[PDB]
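Notes to accompany the following structure.
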Amino acid sequence: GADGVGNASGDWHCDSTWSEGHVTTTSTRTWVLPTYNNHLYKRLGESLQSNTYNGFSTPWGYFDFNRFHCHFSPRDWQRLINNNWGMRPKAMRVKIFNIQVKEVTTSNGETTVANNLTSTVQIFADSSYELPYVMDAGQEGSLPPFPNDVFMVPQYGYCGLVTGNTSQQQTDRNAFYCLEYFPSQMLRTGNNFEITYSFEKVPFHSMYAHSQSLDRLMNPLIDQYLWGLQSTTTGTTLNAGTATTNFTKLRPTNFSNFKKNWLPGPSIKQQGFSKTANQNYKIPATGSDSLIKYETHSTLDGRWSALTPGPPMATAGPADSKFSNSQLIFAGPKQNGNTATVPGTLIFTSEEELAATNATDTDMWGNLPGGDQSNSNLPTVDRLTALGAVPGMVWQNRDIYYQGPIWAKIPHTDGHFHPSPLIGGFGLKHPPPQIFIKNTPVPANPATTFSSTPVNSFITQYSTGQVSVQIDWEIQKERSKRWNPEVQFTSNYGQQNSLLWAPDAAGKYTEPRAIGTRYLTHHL
Amino acid sequence: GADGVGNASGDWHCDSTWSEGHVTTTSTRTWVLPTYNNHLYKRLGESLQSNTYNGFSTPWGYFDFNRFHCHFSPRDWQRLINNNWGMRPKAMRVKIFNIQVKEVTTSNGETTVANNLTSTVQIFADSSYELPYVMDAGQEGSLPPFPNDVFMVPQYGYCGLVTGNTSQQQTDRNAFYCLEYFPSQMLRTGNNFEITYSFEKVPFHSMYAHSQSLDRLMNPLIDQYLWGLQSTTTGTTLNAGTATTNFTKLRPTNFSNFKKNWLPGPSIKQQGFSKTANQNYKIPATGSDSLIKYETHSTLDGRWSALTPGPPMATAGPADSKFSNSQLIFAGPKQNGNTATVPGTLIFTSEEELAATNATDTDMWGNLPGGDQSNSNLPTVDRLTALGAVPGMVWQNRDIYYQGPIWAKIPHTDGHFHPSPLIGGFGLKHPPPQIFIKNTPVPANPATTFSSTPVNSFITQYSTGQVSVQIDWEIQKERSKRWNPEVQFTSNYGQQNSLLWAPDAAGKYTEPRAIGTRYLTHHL
Amino acid sequence: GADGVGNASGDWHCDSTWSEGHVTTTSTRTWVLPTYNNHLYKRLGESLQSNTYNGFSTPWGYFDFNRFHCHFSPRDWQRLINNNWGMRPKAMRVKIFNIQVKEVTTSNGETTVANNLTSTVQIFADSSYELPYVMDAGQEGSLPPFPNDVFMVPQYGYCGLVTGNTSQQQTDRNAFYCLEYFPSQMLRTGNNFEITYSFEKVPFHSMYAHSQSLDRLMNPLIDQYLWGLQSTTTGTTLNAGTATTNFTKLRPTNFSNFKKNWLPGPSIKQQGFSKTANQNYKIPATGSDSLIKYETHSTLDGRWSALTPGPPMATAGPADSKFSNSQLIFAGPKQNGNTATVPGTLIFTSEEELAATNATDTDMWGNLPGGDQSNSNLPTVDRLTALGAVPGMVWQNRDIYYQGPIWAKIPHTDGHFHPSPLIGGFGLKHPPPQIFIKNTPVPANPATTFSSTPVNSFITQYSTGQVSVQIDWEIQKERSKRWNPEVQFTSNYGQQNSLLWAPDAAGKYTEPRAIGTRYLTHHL
Ligand SMILES: Nc1ncnc2c1ncn2[C@H]1C[C@H](O)[C@@H](COP(=O)(O)O)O1
Ligand SMILES: Nc1ncnc2c1ncn2[C@H]1C[C@H](O)[C@@H](COP(=O)(O)O)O1
Ligand SMILES: Nc1ncnc2c1ncn2[C@H]1C[C@H](O)[C@@H](COP(=O)(O)O)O1
């Protein structure tokens, strides 16, 4: 990739091509790149007991396309989800171009901008995965959903290890990575970048809700050939009757005692809250009794971490007054602030579909006897609040969302367990590589006599250009023998003043709701 | 398959062929097919709080061979289990034939039956697995163990999802499947059906009990090179002594403190009951305090489900007065009713063999400190009642029984854990397909003037014919260097009036006991 | 097609195969055939002034598959309509088989039925179209929607010409057709029939609603270069002002005066009625002032005929209290009678979608001046109630329904106009041929001495068998660049006691609502 100054170095492609069981999304967006940290690396750190962290902020920016709406349009996502029991990324190709480097000159009063033709910009992809991976933390920076929205490239920054739960102080293990210590490609207008990636083979995402329920997978018309204890006494009253060993053949209408082959999957109880302000308990944000303490969390090296997405568990409804972590929440259309007090201002996700295989988040997994029953003792009935893997469990994973993550890098650790990103998406060992970009520094007028001191005065600059990502998605059509019509993502937003999923009168594009994927159905 | 009326369309095969490490069981049985639901599909449903269920009952019947005694004879099962450390299904072939369709005519007083030559019967195999799988729920309907016992084909019926724990009401997800919306093969006498299947590669079943115990896998003659804390004080009395840090080299006779490499597998405590009526606690069947509540159970969408078979855990003995779920119970020889009060009337299974690797069902997994010990505090000793998977665990799975299930379909869910049917058997992703069969409807005399109303009057009919299943089993001979004789399944039923495992004087075949598989032994 | 008695002569096929842009529906149903008109042809006739008719009723039955639900399942129809901007029949193959002829014998008290092996049944297809075509009159007789519903074959009967509007009397033109004067194929059990047809090339059906409206097809941001008269005076008051010739450039916000290139298509005003009983006018059924008179109708040879389906016109809504002819009405799920008084008991169709191109049924086409305006005269503003074709008109045709007609034969007349069946469907010159079937007469015991008199005594008989139709449908996927999600046929029937679009607890299948086809959208 290399030509002249007055020659576009690439074209605008915003395809959409469906077929058999392959769909290829292609999209381009214009971007802007500032001069981060005024050209330098800055060591980050701040002791915040549990929020304690340390690291570094770099002068580099980076492209992030880890959000579904970066590739599919509303209509597409609809297509995709109303006719396919699953999908998955297969291949990706990214390309940056039409680089334009600008140098600003703030006048006596206001700023004036001009084209620095010979100025260069750098790009390079960490395809060896030797740098903290940031594109999968569910953070901002991905491309805009709306094709014609210009966006700012995010600043690259990474965290180191926090030794302790007190100080951000760093050990001899903490490491510093320098992006200049990498081979980068230098570009000027007329040059361009391009790269290709191939997704690892990964399981198709569900994209369907279950019909049958795990506890009702038998023939309602027939007896088991298995027997069990029905009751130890004769009455209808606890601890009172002639006392006997009553065994049953386990036949229809019973079912809750039918011997079964599979159990619901692992769960960890979550605290449930109400959207109606006065049904909660009045826990504060800050303080020694901050919400954190009362919400189910994990503990790493003395530090707390909300069990946020957490294990795949059946959740509350999107409409239900109850909600909780485990439920993804996105900003509403009219919500533009770091804070809100009106539930109706936000968007609530829901894993209600999982109630066919997984346990409910706020409830429990089941119950255990708290001791050994006797003729002179009925044991306490304990609560199975958290339960790990056990032979015979099966479960569904969290759904995927139109404005959700697409993939996440699996942690470089010997051993794990069922690698599905908890925020959702595809867990890859080596995922789409992070592409870094940064404007090259331009020394301003220099001293006329030598100085071993590093340069300070730099011309002020910023760049802009387009970028396009093309991902090949493998999808699988359904083919069920279900007779009755299925549920489907439909418009149904009724009459409206300014069409939904479209810019308003002021020219602002905003996403009305969150869209799932599990509309279609498959049995167990 | 297609010939004449006076020409058998198949022959009777009840082989048995052993060899190297392959055994092929072949068996045929005669069957009868009624006219279920008087030809129509009926929506099922009944709100029973926790036993709540919904679904449909179909006009179709189905062949089920998911029981070991359907294929092996007593003697065979014996052969199989006294010389092989394992086995597994490899291939299957089923064929239906000698179809005979009969039409009944109830006379003024009593019924008279005749042959409807031209009447047809339908068959088809759901080999795309697009229909609720029912053959693995441990229900009745499989073939009779006794070769010369005529059997009735089961009615096909399936359950939908239960949304809630209150109402059987159905949502837009519930689905209705219609078997007529499938390509079925129509037969008349002279026609026949046939099909072949190949089992997925699946782990051989154990078929052996362990010698060594997981906690005793070392050399009893030598010291470890590892050290540990033996005691914190000097006396023989708790909280009393000169208080010191006493470390040991961990040498013979100790063993319970030896550093080991593996832990017992996951477990969930089960309530234990006594067979002697007055040692229990007098819990009722029905009621707000039904046995269910007090027995360890799971909770799906607010509904309860006994943790019946549950996790592989060492169990009580077959003779022990204590028993519990986790133990398979079959009807005794003289037990002919949906209920019983005499333990000795039934047959108790037992996983006593697992006590070499798994934890005991009624007991616990182990113990944990309930807090941090101090010089001014000895923490509560907590009970590890339920424990999921943890790096380093190992365990044995539930045994297989002569009259037990053979396989079960693994649930269509992203992710599970160690897919061994909990009732026992082989967990296949796509198992032997369900073969459906139903008599074709025959309109009785019709109206002489048109009517857009669906037909009601149907000749009364039923069919009968033979069916044969052939399964190729892969088995592995032992080859241990064990010196002393091994345990073996022996007759030993002493003297008797009417030989056991044989019809009585009245001509009734009944199975005396339940037969396991783990008679042979292998170390760890 | 010819084999033995104990050999099925065909199998049961109820496929469904989707792909690129071709879908093949295959379905089979069991049927019953009586002995119509007790074996003879009967001349029909009845003078009913306007309902006057004449013709003949035949001893033959006939297969009719001219209803969409005969081929697609609920789910299919859904598939079909949520992803395709159109479809059309391409090829058809029908086959009858498993013929079973039964002879009844009513005993002293009640009837007894037996198999008459040697009895024959006749079939033949009028593929020369030389017989009144009846399969397209929107009458009963097609196959049941539910695969497992036995149905009665309809009786063939046809009408002749009615000369007059008084008498059913027939002229020398009236003709009598005899089906025995055709080559028919005789069958016995073991024989079978089969035939193939290929649809004529015919326009794909719409299957989409319009975005843009015919009167708003310009750029809302720009002026026309055309001028027009805006007002003849100065005030804001009719007939009052300084009187002038005010011409305008015809620019935005106006639009209703913009010069346009196309006009809405032809229409004929229909009378509108209200579903709320007391908003009508109290017109009687019978009488000299029967509803007919007051409802827009056509007049052929003095006879009246409701302008029922009539011209493609925008209609009322399915929910609107107003309804009218022009709107297809089907029986509700719980409606089982030739009459009803509760609108909510029935199912209302709606062409509301056509309001983007066609005029509204109950309203009018537009307005005309009733004379020539002058400085001393303002003409009556007339109502354009009925308007035929005029250069520049464009229009959409009536939608198609899940339980609607599929095709209709175009009348054998020199000339017509835009041949789209008014009830809806595909207008073919030579459509799927009518397949006739009738049981062959079997003389009962005969006289022992000759008689030139035609036979009377016939054994009583009826037959039954299966039939299957396979139609290859050509469909076209969409490919719009629409951004916002589209409307879609979704379940959404909320919670329910007995799942919809599925048999109830009593085993009765009933269709909940009527399903259209225009869910997707295309502009103009
Ligand atoms: N998103 C995603 N990525 C990878 N694997 C997934 C994912 N979702 C479910 N699984 C399953 C597929 C295999 O059973 C498995 C292997 O983990 P392993 O530790 O590699 O043996 O985890
Ligand atoms: N009956 C049966 N069927 C299948 N697998 C069994 C069974 N019994 C034990 N296992 C083991 C074999 C592999 O370790 C495994 C894979 O589960 P997967 O989720 O496929 O990675 O589970
Ligand atoms: N259903 C159907 N069948 C046939 N033609 C249709 C139909 N619907 C719309 N049209 C149009 C297609 C041509 O413009 C036409 C020819 O009529 P002709 O008199 O043959 O010149 O009518």
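Each chain of the structure tokens is named A, B, ... in the order shown, its residues numbered from 1; ligands are numbered from 1 in display order.
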
Could you please extract the residues within 9 Å of ligand 1, counting only C-alpha atoms and all ligand atoms, and hand them back as a PyMOL selection string?
-> (chain A and resi 200-205+397+407-408+410+414-421+424-429) or (chain B and resi 414-417)

Which of region 201-339 of chain A fall in strand (DSSP E), as a tab-separated table (two decimals) with N, CA and C atoms, in the first residue's frame:
chain	number	residue	atom	x	y	z
A	208	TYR	N	-31.26	-19.29	20.48
A	208	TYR	CA	-32.55	-19.94	20.58
A	208	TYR	C	-32.87	-20.16	22.04
A	209	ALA	N	-34.15	-20.19	22.35
A	209	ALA	CA	-34.58	-20.43	23.72
A	209	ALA	C	-35.08	-21.88	23.74
A	210	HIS	N	-35.00	-22.52	24.90
A	210	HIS	CA	-35.44	-23.91	25.01
A	210	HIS	C	-36.95	-24.07	25.11
A	228	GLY	N	-39.26	-45.23	44.78
A	228	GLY	CA	-38.69	-44.33	45.77
A	228	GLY	C	-39.55	-44.14	47.01
A	229	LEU	N	-38.94	-43.57	48.04
A	229	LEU	CA	-39.63	-43.29	49.29
A	229	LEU	C	-40.55	-42.09	49.07
A	230	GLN	N	-41.82	-42.26	49.41
A	230	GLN	CA	-42.82	-41.21	49.25
A	230	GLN	C	-43.05	-40.43	50.54
A	231	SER	N	-43.23	-41.17	51.64
A	231	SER	CA	-43.46	-40.59	52.97
A	231	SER	C	-43.05	-41.57	54.07
A	246	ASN	N	-43.40	-45.78	53.25
A	246	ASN	CA	-44.23	-45.76	52.04
A	246	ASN	C	-43.47	-45.51	50.74
A	247	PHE	N	-43.31	-46.58	49.97
A	247	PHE	CA	-42.60	-46.51	48.70
A	247	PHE	C	-43.60	-46.42	47.54
A	248	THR	N	-43.21	-45.73	46.46
A	248	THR	CA	-44.07	-45.58	45.28
A	248	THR	C	-43.39	-46.03	44.01
A	263	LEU	N	-28.83	-32.71	35.94
A	263	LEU	CA	-29.07	-31.66	36.93
A	263	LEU	C	-28.79	-30.28	36.36
A	264	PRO	N	-29.38	-29.25	36.97
A	264	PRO	CA	-29.15	-27.88	36.49
A	264	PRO	C	-27.70	-27.53	36.79
A	267	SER	N	-24.28	-22.55	40.08
A	267	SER	CA	-24.81	-21.22	40.35
A	267	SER	C	-24.24	-20.66	41.64
A	268	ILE	N	-24.36	-19.34	41.77
A	268	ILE	CA	-23.89	-18.61	42.94
A	268	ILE	C	-24.95	-17.54	43.20
A	273	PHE	N	-32.46	-6.61	43.77
A	273	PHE	CA	-32.94	-5.31	44.17
A	273	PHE	C	-34.18	-4.92	43.42
A	274	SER	N	-34.89	-3.91	43.92
A	274	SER	CA	-36.11	-3.46	43.27
A	274	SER	C	-35.91	-2.13	42.59
A	297	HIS	N	-19.76	-11.08	45.97
A	297	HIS	CA	-18.49	-10.76	45.31
A	297	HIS	C	-17.41	-11.81	45.56
A	298	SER	N	-16.33	-11.72	44.78
A	298	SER	CA	-15.19	-12.63	44.91
A	298	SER	C	-14.05	-11.89	45.61
A	299	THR	N	-13.06	-12.63	46.09
A	299	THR	CA	-11.95	-11.99	46.79
A	299	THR	C	-10.57	-12.46	46.31
A	300	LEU	N	-9.88	-11.57	45.60
A	300	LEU	CA	-8.55	-11.85	45.07
A	300	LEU	C	-7.48	-11.04	45.80
A	303	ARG	N	-8.57	-8.18	47.73
A	303	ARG	CA	-9.36	-7.19	47.02
A	303	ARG	C	-10.72	-7.75	46.64
A	304	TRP	N	-11.73	-6.89	46.68
A	304	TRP	CA	-13.07	-7.30	46.31
A	304	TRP	C	-13.38	-7.01	44.83
A	305	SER	N	-14.28	-7.80	44.27
A	305	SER	CA	-14.69	-7.65	42.89
A	305	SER	C	-16.11	-8.17	42.79
A	306	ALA	N	-17.02	-7.28	42.41
A	306	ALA	CA	-18.40	-7.68	42.28
A	306	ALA	C	-18.46	-8.88	41.37
A	322	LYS	N	-37.84	-6.42	39.92
A	322	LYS	CA	-36.59	-6.92	40.47
A	322	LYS	C	-35.55	-6.99	39.36
A	323	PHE	N	-34.30	-6.72	39.71
A	323	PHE	CA	-33.20	-6.79	38.76
A	323	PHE	C	-32.02	-7.15	39.63
A	329	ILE	N	-26.83	-4.01	31.81
A	329	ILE	CA	-27.57	-2.77	31.72
A	329	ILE	C	-26.86	-1.79	30.82
A	330	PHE	N	-27.59	-1.26	29.84
A	330	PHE	CA	-27.03	-0.30	28.91
A	330	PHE	C	-27.73	1.03	29.09
A	331	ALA	N	-27.08	2.09	28.61
A	331	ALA	CA	-27.65	3.42	28.72
A	331	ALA	C	-28.90	3.55	27.83

From the list C:465, C:512, C:272, C:55, which residue is nearest chain B when using only C-alpha atoms?
->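 So, comparing all the options, the nearest one is C:465.
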
Pull the closest atom pair for each residue of chain A that gets at most 10 Å from ligand 2, along with the distance in Å to one decimal, counting only C-alpha atoms and all ligand atoms, ordering rows by chain and then ascending residue number, as JSON lines.
{"residue": "A:391", "atom": "CA", "partner": "ligand 2", "partner_atom_place_in_ligand_line": "9 (C)", "distance": 8.9}
{"residue": "A:392", "atom": "CA", "partner": "ligand 2", "partner_atom_place_in_ligand_line": "8 (N)", "distance": 9.4}
{"residue": "A:394", "atom": "CA", "partner": "ligand 2", "partner_atom_place_in_ligand_line": "19 (O)", "distance": 9.1}
{"residue": "A:418", "atom": "CA", "partner": "ligand 2", "partner_atom_place_in_ligand_line": "19 (O)", "distance": 9.4}

Might you pull out every residue within 10 Å of residue 49 (chain B), with only C-alpha atoms counted and same-chain residues fewer than 6 positions away left off, and present them as a PyMOL selection string?
-> (chain A and resi 256) or (chain B and resi 164-168+302-304)

May I have the residues from that selection written out with N, CA and C atoms, as a compact mmCIF listing (two decimals), in the first residue's frame?
# COMPACT_ATOMS: atom_id res chain seq x y z
N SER A 256 -41.89 -34.73 40.18
CA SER A 256 -40.89 -33.97 40.85
C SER A 256 -40.01 -34.89 41.62
N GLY B 164 -42.88 -20.90 35.27
CA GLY B 164 -43.46 -20.69 36.58
C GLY B 164 -43.32 -21.93 37.44
N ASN B 165 -44.02 -21.94 38.57
CA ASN B 165 -44.01 -23.07 39.51
C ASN B 165 -45.42 -23.14 40.09
N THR B 166 -46.31 -22.48 39.37
CA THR B 166 -47.70 -22.34 39.74
C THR B 166 -48.64 -22.94 38.70
N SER B 167 -48.63 -22.33 37.52
CA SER B 167 -49.50 -22.72 36.42
C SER B 167 -48.88 -23.54 35.30
N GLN B 168 -49.69 -24.42 34.72
CA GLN B 168 -49.27 -25.26 33.61
C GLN B 168 -49.44 -24.44 32.34
N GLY B 302 -38.31 -22.00 40.28
CA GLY B 302 -39.21 -22.17 41.40
C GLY B 302 -39.79 -23.55 41.64
N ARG B 303 -39.52 -24.48 40.73
CA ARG B 303 -40.02 -25.83 40.88
C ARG B 303 -39.00 -26.73 41.55
N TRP B 304 -39.48 -27.66 42.36
CA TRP B 304 -38.59 -28.59 43.03
C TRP B 304 -38.43 -29.90 42.25

Which is closer to chain C than all the others in A:483, A:473, A:458, A:519, using only C-alpha atoms?
->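 Of A:483, A:473, A:458, A:519, the one nearest chain C is A:483, counting only C-alpha atoms.
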
Separation of CA of residue 100 (chain C) from CA of residue 443 (chain B) in Å |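 Computed distance, CA of residue 443 (chain B) to CA of residue 100 (chain C), equals 10.3 Å.
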
Can you list, as a list in words, every protein, DNA or RNA residue that comes within 10 Å of residue 357 (chain A) when you count only C-alpha atoms, leaving out same-chain residues fewer than 5 positions away?
->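 Using only C-alpha atoms, the neighbours found are residues 210, 212, 213, 214, 215, 262, 263, 264, 265, 312, 313, 314, 393, 394, 395, 396, 397 and 524 of chain A; 300, 301, 411 and 413 of chain B.
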
Print the selection's residues with N, CA, C and O atoms to a file, as a compact mmCIF listing (two decimals), in the first residue's frame.
# COMPACT_ATOMS: atom_id res chain seq x y z
N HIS A 210 -35.00 -22.52 24.90
CA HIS A 210 -35.44 -23.91 25.01
C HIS A 210 -36.95 -24.07 25.11
O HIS A 210 -37.63 -23.19 25.64
N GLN A 212 -38.81 -27.59 25.90
CA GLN A 212 -38.73 -28.43 27.10
C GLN A 212 -37.93 -27.85 28.29
O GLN A 212 -36.99 -27.06 28.10
N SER A 213 -38.30 -28.27 29.50
CA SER A 213 -37.61 -27.84 30.72
C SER A 213 -36.83 -29.04 31.24
O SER A 213 -37.31 -30.18 31.18
N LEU A 214 -35.63 -28.80 31.76
CA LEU A 214 -34.79 -29.90 32.23
C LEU A 214 -35.48 -30.87 33.19
O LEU A 214 -35.18 -32.07 33.18
N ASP A 215 -36.38 -30.38 34.03
CA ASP A 215 -37.02 -31.29 34.96
C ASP A 215 -38.24 -32.02 34.39
O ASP A 215 -38.80 -32.91 35.02
N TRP A 262 -30.17 -35.71 34.37
CA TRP A 262 -29.36 -34.49 34.39
C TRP A 262 -29.80 -33.44 35.41
O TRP A 262 -31.00 -33.29 35.69
N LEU A 263 -28.83 -32.71 35.94
CA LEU A 263 -29.07 -31.66 36.93
C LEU A 263 -28.79 -30.28 36.36
O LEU A 263 -28.07 -30.14 35.38
N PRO A 264 -29.38 -29.25 36.97
CA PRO A 264 -29.15 -27.88 36.49
C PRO A 264 -27.70 -27.53 36.79
O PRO A 264 -27.10 -28.04 37.74
N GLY A 265 -27.14 -26.64 35.99
CA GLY A 265 -25.75 -26.28 36.16
C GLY A 265 -25.46 -25.40 37.34
O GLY A 265 -26.36 -24.84 37.97
N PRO A 312 -23.59 -18.15 34.35
CA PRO A 312 -24.85 -18.25 33.62
C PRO A 312 -26.02 -18.64 34.53
O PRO A 312 -26.08 -19.80 34.99
N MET A 313 -26.91 -17.75 34.80
CA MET A 313 -28.04 -18.10 35.64
C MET A 313 -29.30 -17.46 35.10
O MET A 313 -29.25 -16.38 34.49
N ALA A 314 -30.42 -18.13 35.32
CA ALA A 314 -31.71 -17.62 34.88
C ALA A 314 -31.83 -16.28 35.59
O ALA A 314 -31.47 -16.15 36.76
N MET A 393 -24.37 -32.20 35.29
CA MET A 393 -24.96 -30.88 35.13
C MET A 393 -24.90 -30.50 33.66
O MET A 393 -24.09 -31.03 32.91
N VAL A 394 -25.79 -29.59 33.26
CA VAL A 394 -25.85 -29.10 31.89
C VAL A 394 -26.37 -27.70 32.07
O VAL A 394 -27.06 -27.43 33.05
N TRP A 395 -26.08 -26.81 31.14
CA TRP A 395 -26.57 -25.45 31.30
C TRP A 395 -26.43 -24.67 30.01
O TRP A 395 -25.74 -25.08 29.09
N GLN A 396 -27.09 -23.52 29.96
CA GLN A 396 -27.05 -22.67 28.79
C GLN A 396 -26.14 -21.51 29.18
O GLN A 396 -25.97 -21.22 30.36
N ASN A 397 -25.55 -20.84 28.20
CA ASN A 397 -24.70 -19.71 28.54
C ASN A 397 -25.46 -18.41 28.32
O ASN A 397 -26.53 -18.40 27.71
N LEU A 524 -34.88 -29.84 24.12
CA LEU A 524 -33.69 -30.29 24.83
C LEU A 524 -33.26 -31.68 24.35
O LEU A 524 -34.08 -32.35 23.67
N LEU B 300 -35.51 -25.47 39.93
CA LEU B 300 -35.54 -24.90 38.59
C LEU B 300 -36.79 -24.04 38.40
O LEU B 300 -37.91 -24.54 38.48
N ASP B 301 -36.60 -22.75 38.12
CA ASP B 301 -37.74 -21.84 37.92
C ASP B 301 -38.77 -22.05 39.03
O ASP B 301 -39.94 -22.28 38.76
N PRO B 411 -28.32 -33.59 26.84
CA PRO B 411 -29.09 -32.37 26.58
C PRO B 411 -28.44 -31.37 25.60
O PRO B 411 -27.23 -31.07 25.66
N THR B 413 -27.50 -28.43 24.98
CA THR B 413 -27.14 -27.20 25.66
C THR B 413 -25.65 -26.95 25.46
O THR B 413 -24.84 -27.88 25.46
